[PDB]
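Student:
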RNA sequence: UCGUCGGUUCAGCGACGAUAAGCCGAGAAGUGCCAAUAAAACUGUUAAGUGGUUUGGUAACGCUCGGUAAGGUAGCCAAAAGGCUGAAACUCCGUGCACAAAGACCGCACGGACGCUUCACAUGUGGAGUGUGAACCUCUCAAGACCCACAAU
DNA sequence: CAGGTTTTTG
DNA sequence: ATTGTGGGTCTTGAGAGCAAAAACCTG
Ligand SMILES: [Zn+2]
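Protein chains in written order, with our numbering: chain A, 2 to 198; chain B, 34 to 449.
1) Assign residue 78/B to one of two classes, buried (16 or more other C-beta atoms within 10 Å of its C-beta) or exposed (fewer than that).
2) My assumption, with CB atoms under 8 Å, is that residue 262/B sits in contact with residue 250/B. Please give the rounded CB distance.
3) So, with DSSP's three-state summary, where would you put residue 153/A?
4) Only counting runs of 4 or more residues, tell me where the alpha helix (DSSP H) segments fall wholly within the stretch 154-193 of chain B, in order along the chain.
5) Return the first residue and the last residue of the alpha helix (DSSP H) that residue 495/B is part of.
6) Where residue 159/A and residue 152/A are concerned, what is the direct C-alpha to C-alpha distance, given to the nearest angstrom?
7) Can you give the Cα-Cα distance for residue 211/B and residue 228/B, rounded to whole angstroms?
8) For residue 45/B, I'd like the list of residues in its chain whose CB is within less than 8 Å of its CB, leaving aside the five on either flank, ordered along the chain.
9) Which residues mark the beginning and the end of the alpha helix (DSSP H) in which residue 172/A is found?
10) Quick one, which residues of the stretch 98-130 of chain A are near chain B if we go by CB-CB under 9 Å, in chain order?
11) Is the Cβ of residue 84/A closer than 8 Å to any Cβ of chain B?
12) Counting only the same chain and skipping the five closest in sequence on each side, list residues whose C-beta sits under 8 Å from that of residue 255/B.
13) Applying a beta-carbon distance threshold of less than 8 Å, which residues of chain B neighbour residue 48/A?
14) Please find out if some non-hydrogen atom of ligand 1 comes closer than 7 Å to the beta-carbon of residue 355/B.
15) Helix, strand or coil: which one does DSSP assign to residue 265/B?
16) Just how far apart, CA to CA, sit residue 29/A and residue 109/B?
17) Taking C-beta pairs closer than 7 Å, name the residues in chain A that residue 99/B reaches, listed in chain order.
18) Could you name each continuous beta strand (DSSP E) segment of 3 residues or more that falls completely within the stretch 335-419 of chain B, going from the start of the chain to the end?
19) State the Cα-Cα distance for the pair residue 433/B and residue 366/B, rounded to the nearest angstrom.
20) I think residue 223/B touches residue 161/B, with their Cβ atoms under 8 Å apart; what is that distance to the nearest whole Å?
21) Reducing DSSP to helix, strand and coil, say where residue 251/B ends up.
22) DSSP has residue 237/B in a bridge; who is on the other side?
23) For chain A, find out if any of its Cβ atoms is closer than 8 Å to the Cβ of residue 287/B; answer yes or no.
24) How should residue 35/B be labelled, buried or exposed, when 16 other C-beta atoms within 10 angstroms of its C-beta is the threshold for buried?
25) What in chain A is Cβ-close to residue 74/B, meaning under 9 Å?
26) Indicate the three-state DSSP secondary structure (helix, strand or coil) for residue 329/B in the structure shown.
27) Could you check if residue 128/B is buried or exposed, using at least 16 other CB atoms within 10 Å of its CB as the buried criterion?
28) Considering only residues of the same chain and omitting the five flanking positions on each side of residue 60/B, which have a CB-CB separation below 7 Å?
29) If you measure from the beta carbon of residue 67/B to each beta carbon in chain A, is any gap under 8 Å?
30) Are the beta-carbon atoms belonging to residue 252/B and residue 435/B less than 8 Å from one another?
31) Answer with yes or no whether the minimum CB distance from residue 137/B to chain A is below 8 Å.
32) Roughly how many whole angstroms lie between the Cα atoms of residue 290/B and residue 302/B?
33) Would you call residue 35/A buried or exposed, if buried means 16 or more other Cβ atoms sit within 10 Å of its Cβ?
34) So is residue 71/B in contact with chain A if we call contact Cβ pairs under 8 Å?
35) In this structure, does DSSP put residue 105/B in helix, strand or coil?
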């Protein structure tokens with residue numbers, strides 16, 4: 002239950018600065034996934050002889066270790082990223098121990114996670130659908146000098162138009178989403194996930 | 034010295050039943066896969082630890098001080114010997130070398146996210162170093178392969194007194210290669226034991242190393258599958274695809290029928306989620322792959338044969354990296370990379386240099402008058418040049434252009 | 001019409017099997033059922049309240065390893081063990097070396113004949129190669145694209 | 001001792 | 001049919017296809 006909408010322009014700012022922000026957040030998300038995999042590997046005791054107590058589960062330890070380095074990402078987005086990595090490791094731990102599948106890996110052009118609280122959509126009278134995204138944390142706001150909710154214009158047509166209209170009406174409930182980039186089409190897209198009865 | 038591979042079927046084990054030999058081989062496959070995956074895991078842990086140590090101290094940590102071994106492979110072997118004791122130590126060492134070399138050669142790509150960390154599959158070939166294989170010809174004509182497939186603890190456990198001996202069917206071209214191996218003309222390199230699941234046949238892929246002006250032009254034509262034209266000689270050669278088009282029609286009809294029937298309900302087929310509902314399609318797909326492989330062998334052999342026939346010491350052919358965009362040839366969705374690699378290594382055996390050129394308006398250009406026109410091509414088959422009124426098959430003109438030395442640069446100059 | 005064996009891949013040929021696009025068996029990460037609400041993020045002076053959905057145990061619809069039809073084979077002696085003989089697969093003949101059920105045997109070597117296809121020389125002669133024909137570096141991993149299930153249309 | 005055969009490591 | 005999402009395969013490429021010293025078994 003996911004639909005992809007491509008963004009023609011960021012409403013608040015230009016394309017160059019928005020793309021710089023997006024690629025910085027992509028780098029931070031990739032680092033978070035790799036570090037969360039390393040910390041889940043250490044947590045399970047799979048580490049070698051040459052290679053931390055105080056946390057109930059691996060997710061909290063990984064988050065509290067990584068959040069210093071990934072200060073740009075919104076904390077909820079960082080938690081969702083780290084949870085994704087630790088879920089993959091918990092799903093593949095037995096195969097890792099048996100020497101079946103080696104180590105989980107994540108692509109350079111990684112999706113940017115967005116918790117349900119960081120996504121909103123509204124419709125201007127002009128006819129442009131505007132998506133408001135909480136992409137950055139407060140130190141990132143101070144450094145980049147940008148507002149919390151970045152607004153982007155999304156083209157919404159056909160089945161996508163029906164889905165977005167159902168979201169606006171309240172029938173479709175938004176959930177955790179992603180911001181991906183397609184190199185072949187060289188376009189930034191939002192994968193919005195929706196749930197309903 | 035080139036390296037080639039020939040497979041000899043294992044028909045029976047000597048002094049062992051087939052049940053015991055099959056169990057031994059399946060187990061050794063399990064430790065082979067375990068060793069590969071865990072060696073990759075150890076390489077990855079060392080990468081992460083080195084990054085963290087560089088962050089803390091500002092320099093790379095030496096493995097000799099921390100791991101105890103100057104290389105990651107030593108530590109990997111030390112860790113794996115405990116749980117891969119059944120594998121012969123040389124085979125285990127070479128398998129771990131495979132895994133760690135693959136990780137090391139591609140470390141930057143994995144670090145920057147270009148490439149995933151390698152993962153190895155269950156049906157993995159059993160590695161055998163050169164010393165772990167010997168072959169002897171009996172007086173009554175049989176060929177016996179003595180393989181060190183087991184370690185001393187494993188030899189004691191299954192009560193295998195000496196190297197495991199099997200009878201290998203050595204026939205045809207395999208007979209000539211094996212006789213050259215025994216004579217010492219061929220040297221055996223690291224080889225493998227694989228299992229063809231279609232025929233349920235175990236093969237010993239012996240890898241053996243050995244010491245092995247005019248330009249041909251090859252054009253992947255539109256009406257002819259492949260076409261060869263030579264410089265300094267009006268000689269013409271071609272490969273049509275009647276077998277390809279007939280086979281293509283048959284396998285297209287079969288895939289459509291299979292995919293249509295797969296949606297219809299089936300009890301025993303649908304009971305199992307995967308490897309059932311998939312076996313019939315995999316069978317036909319493997320048949321198509323084998324046919325394409327054999328056809329590419331025949332084509333590359335014909336091409337190189339005519340290269341020696343007319344003394345062409347160099348072969349030029351289109352770099353398909355750009356052709357992939359148009360993909361409108363007589364061969365539809367063909368394994369062009371396979372065919373090109375076959376042509377390359379067979380020519381290199383023959384002693385012929387292979388050079389790839391850009392397919393930059395080679396069909397549009399006239400090989401006689403050197404005139405490039407977008408509208409020069411007239412019709413789907415023929416080619417007519419106005420500047421000199423040259424009438425020839427389009428494939429012939431394209432291959433003649435390809436055979437011209439530095440033709441891509443000349444075309445680039447003519448464009449600008 | 002599709003497969004099996006006849007050394008490997010694609011065709012042919014011989015002999016066979018097809019309900020195999022078929023049927024069936026056990027273990028197990030997804031999916032479902034129980035408890036069970038852990039990280040993390042917020043609003044809020046705090047409190048408090050939300051979204052978020054974790055940890056073990058189960059089953060087996062889906063999942064993982066598997067099984068399942070397919071060429072043909074000569075008998076005696078000896079208490080038994082063992083011995084002798086020497087059958088059957090893609091031309092035939094002779095010799096020699098092998099071999100008593102068998103996933104494991106039907107083979108190999110030499111000589112001759114016959115057939116084929118390549119060269120050379122004046123249809124014929126000589127030389128060469130081979131026994132159905134053509135070929136016979138593969139393995140591994142990744143990337144990009146393709147296949148199956150799902151939502152909107 | 002002698003010679004392969006594993007084993008371990010660069 | 002077309003966009004995606006969740007699980008699996010083609011065609012392209014790349015790398016490889018170890019070596020040396022010593023202890024153990026054997027002779
Ligand atoms: Zn012309």
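Heads up, the beta-carbon is just placed ideally off N, CA and C, and yes, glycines get one too.
Tutor: This is what the structure holds:
1) Counting other Cβ atoms within 10 Å of its Cβ, residue 78/B reaches 16 or more and is therefore classed as buried.
2) Cβ atoms of residue 262/B and residue 250/B come within 8 Å of each other, at about 5 Å.
3) Residue 153/A falls in the strand class under three-state DSSP.
4) Listed in chain order, the complete alpha helix (DSSP H) runs (minimum 4 residues) inside the stretch 154-193 of chain B are 185-190.
5) Any question about residue 495/B goes unanswered here, given that chain B covers just 34 to 449.
6) So the alpha carbons of these two residues sit roughly 22 Å apart.
7) Between residue 211/B and residue 228/B, the C-alpha separation is close to 20 Å.
8) Result list for residue 45/B: 51, 199, 200, in chain order.
9) Careful: residue 172/A lies outside any alpha helix (DSSP H) and carries neither H nor E.
10) The stretch 98-130 of chain A vs chain B, Cβ under 9 Å: 99, 100, 101, 102, 103, 104, 105, 106, 107, 108, 109, 110, 111.
11) For residue 84/A, no CB of chain B lies under 8 Å from its own CB, so it is not counted at the interface with that chain.
12) So the list reads 361, 362, 363, 413, 414, 427, 428, once near-sequence residues are dropped.
13) The contact set of residue 48/A on chain B, defined by CB atoms closer than 8 Å, consists of 78 in chain order.
14) It does not: the Cβ of residue 355/B is nowhere closer than 7 Å to a heavy atom of ligand 1.
15) Residue 265/B: coil per DSSP, three-state reduction.
16) Taken atom to atom, the span from the alpha-carbon of residue 29/A to that of residue 109/B is near 31 Å.
17) 51, listed in chain order.
18) Fully enclosed beta strand (DSSP E) runs of 3 or longer: 347-351, 386-390, 415-418.
19) For residue 433/B and residue 366/B, the distance between alpha carbons rounds to 25 Å.
20) Contact between residue 223/B and residue 161/B holds, since their C-beta atoms are separated by about 7 Å, short of 8 Å.
21) Of the three classes helix, strand and coil, the one that applies to residue 251/B here is strand, per DSSP.
22) Its beta-bridge partners are 41/B, 226/B.
23) Taking 8 Å as the CB threshold, residue 287/B stays off the interface with chain A.
24) Residue environment analysis places residue 35/B among the exposed positions, since fewer than 16 neighbouring C-beta atoms fall within 10 angstroms of its C-beta.
25) Correct list: 42, 47, 97, 100, 103, 104.
26) Residue state, collapsed to three classes: helix.
27) Buried is the call here.
28) If we look at residue 60/B and ignore the five residues flanking it on each side, its Cβ neighbours are 119.
29) Yes, because at least one Cβ of chain A sits closer than 8 Å to the Cβ of residue 67/B.
30) In contact: residue 252/B and residue 435/B (Cβ atoms closer than 8 Å).
31) So no, residue 137/B is outside the interface.
32) Taking the Cα positions, residue 290/B is about 16 Å away from residue 302/B.
33) Buried is the call here.
34) It does; some Cβ of chain A falls within 8 Å.
35) Residue 105/B: helix per DSSP, three-state reduction.
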